[PDB]
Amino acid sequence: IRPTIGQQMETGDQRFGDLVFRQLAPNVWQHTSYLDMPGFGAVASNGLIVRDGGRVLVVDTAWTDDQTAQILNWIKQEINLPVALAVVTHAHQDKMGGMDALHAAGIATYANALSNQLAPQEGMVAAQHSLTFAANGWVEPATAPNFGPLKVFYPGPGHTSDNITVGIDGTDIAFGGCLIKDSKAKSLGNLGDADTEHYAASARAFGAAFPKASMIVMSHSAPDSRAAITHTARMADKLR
């Protein structure tokens, strides 16, 4: 319950099985799951759950199929609406480790085409459907049908070459996934698959795609202010 990496539990957190849920807005919750590293401890990872138009939309899986099934069970108990689709934000275990559980539940899955192409090489199951992007970063609309309030944006290579981001129209929330680190972070996390030349511009592009959002949600820290974007970009400036 006390991760080595990731935010600790706080007031407003609901423990459900091995996961933690936090309501961020009337129709938006953050899911948190934990992977125990032998000799190191637990690493927390965050995604989103959105209620729109009688259905639920999921952003990112948990680390494993079992944890992702637990997300679906929490949805059933707390929201009790069908889960129409999930979007996963790049091909690494913290974001895509639970694809099989979504597929077995009948949930349609979407990822950047490049995420689907990298998925097997990264140990992940590909999503069923591929999103593609305009040169300006915005999703090609016919590849993202019935996405409700989700606004999917590819900011450019950064944490990985395939990383995508998601804003929730009608809210104060935008989700940077593993691209954005919090405003007090000391590092950019795992740079092993990263594009250090383009990272800073990609972080700034995320901020400019979602100019209004004041709640920046991210994979390994509690939601932060827009200072997370500026700090991430300035940390990334030093990589060039």
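Residue numbers here begin at 1 and follow the sequence given. We call the rigid core the largest set of C-alpha positions that still match within 1.5 Å between the two forms.
In 6 other deposited structures of this protein, superposed by the rigid core, the C-alpha atoms of 186 to 194 lie farther from the shown form than the other of 55 to 63 and 186 to 194. Stretch 46 to 54 is the one, of 46 to 54 and 64 to 72, whose CA positions lie farther from the shown form in 6 other deposited structures of this protein once all structures are superposed by the rigid core.
Missing-residue comparison: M37 falls in the unmodelled set for a third or more of the other PDB entries checked.
Taking the mean C-alpha B-factor of each stretch as recorded, 72 to 80 and 94 to 102 are not equal, and the higher mean is that of 72 to 80. Relative to one another, 8 to 16 and 223 to 231 have unequal mean CA B-factors, and 8 to 16 is the one with the higher figure. Among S202, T61, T171, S45, the highest C-alpha B-factor recorded in the PDB entry belongs to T171.
In the PDB entry, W29 places in the middle third of its chain by CA B-factor. Annotation for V152: C-alpha temperature factor in the lowest third relative to the rest of the modelled chain, per the entry. Ranked within its chain, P141 lands in the highest third, by CA B factor from the PDB record. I180: CA B factor in the middle third of modelled residues in this chain (values from the PDB entry). Annotation for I49: CA B-factor lies in the lowest third of the chain's modelled residues.
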